[PDB]
Structures are given as structure tokens and as C-alpha cells.
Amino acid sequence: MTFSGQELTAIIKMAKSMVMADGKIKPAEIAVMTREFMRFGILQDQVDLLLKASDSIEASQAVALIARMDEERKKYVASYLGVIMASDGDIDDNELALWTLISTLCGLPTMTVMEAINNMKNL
């Protein structure tokens, strides 16, 4: 599972869009977003670079870039978005809803939070 700089900028764009939706400051959730993204196999500083790059692209362009991925790559993008909002393995109703919406628009497969966690472990 390789990804271009453009594709990684899209993926982090989706994570950013999702976590900003509720307007709240949530330190642990941002830290999951940043730590787990490294499982794609960049370093922390590269995650920070890519996140700042994402400010310069349209979220709608990110949608398009993601939606054209093969199913294997989409499975792990969905798994990554799923683990972000997990707390002790649980997500609440409003979090599942957001994960569900961005998944639908991106054409991503449906999964449980347990599957998303198990997916990010094998990566």
C-alpha cells in the first residue's frame, strides 16, 4: 500500500475536515489523527508538513482523489478515519455519524470501530 504525496494530502484533509466538524478543542483526538497517520509510513514532521499542505487544497478535490482509489486502499482510509474518534475503543453516536457521512461521500466501505482498530494494527 503506497500513496502519493497528493493522496496523503487528500487523506489528512479528510481527517482534518472530520475532526473540525464539531468546533471543539480536543487534544487527544488530534494526537490520534497525527500518530496513526504515521502508520502509512511517514515520520511525524512529514505529517505536520502534509497537514499544513492540506490547507491549500479543496476538501472536494480530496473527496475526488479518494473516491477513485482501489478498494484495499479505501478500506484502510476508512479504518484510519474510524480510529481517530475512538476513545478506549468506543465512539459515541455523533462520532459514528460523522465517520459514516465522510465514508459515504468518499465511497468508503462500512465497518465497525473494532474492525477499524484491527485494520490499523496490521498496517
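Don't overthink the numbering: it's just position in the shown sequence, from 1.
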Mean C-alpha B-factor comparison - 87-95 and 31-39, higher one: 87-95
Per the PDB entry, mean CA B-factor is higher for 110-118 or 5-13, namely for 110-118
Ordered by C-alpha B-factor within the chain, which third holds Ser60? Give me lowest, middle or highest, please. lowest
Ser54 by Cα B-factor - lowest, middle or highest third of the modelled chain: middle
